[PDB]
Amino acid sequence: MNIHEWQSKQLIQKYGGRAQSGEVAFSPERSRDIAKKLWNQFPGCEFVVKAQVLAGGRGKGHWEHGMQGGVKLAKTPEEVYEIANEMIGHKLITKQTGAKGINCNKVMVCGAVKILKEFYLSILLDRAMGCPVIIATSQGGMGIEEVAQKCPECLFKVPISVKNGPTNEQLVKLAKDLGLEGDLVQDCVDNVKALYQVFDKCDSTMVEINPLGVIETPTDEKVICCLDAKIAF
């Protein structure tokens, strides 16, 4: 099976990648404390509550009891408790679910960040070719399988040699084709190179980052960051 979001981001960081793993919470009280302690470091910052359930379309979905969205903004730790209280212990309905619901027993609480660009990127083991291949496109919010059927020319594909792995020219070109420029290019290479170090050194089948974004830091420094992660085995 695939591991949860915040678990994937953690492994990505364990190999030198920048990802917003936030902090998990198995209760709405715990989630409130997380946002509260974070206000000590960045007072006035908003928060984002992300249901931890193995299925896509969380931002699109909704909850039975009236709440809309699996990824919702929160202005205060109290709002974090509200949202979290409606998530933990309830069922979420997304596109991958139809209407059978998925039991949500935990959520992830991360700080609200300003996003400048959103990209798709994944490291897939092309079995037909027996080699890894890197997919990407400048259409973060859309979905990989949706874009593929309607626009496969929207995707950039880069087969990877199993020996040396990524080629610095391959990665530099991919970052350049995605519209990146300046320090974000090398930063994108560093993270993407870390994604392979996660893909290969962990015997993984897929490392999907949707969206891989250009975010601003609290001091407004642009840095590549994985705002979502799925790792299949």
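All residue numbers are counted from 1 along the displayed sequence.
- Averaged over CA atoms, B-factors in the entry run higher in 136-144 than in the other of 71-79 and 136-144.
- Just going by the entry, 42-50 versus 178-186 on mean CA temperature factor gives the higher value to 178-186.
- Sorting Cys110, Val162, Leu116, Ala84 by the CA temperature factor given in the entry leaves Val162 at the top.
- Sort the chain's modelled residues by C-alpha temperature factor and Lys201 lands in the highest third, per the entry.
- Ranked by Cα temperature factor within the chain, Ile231 sits in the middle third according to the deposited record.
- In this PDB entry, the Cα temperature factor of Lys150 sits in the middle third of its chain's modelled residues.
- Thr167 sits in the highest third of its chain by CA B factor, as recorded in the PDB entry.
- The deposited CA B-factor of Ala194 belongs to the highest third of values across its chain.
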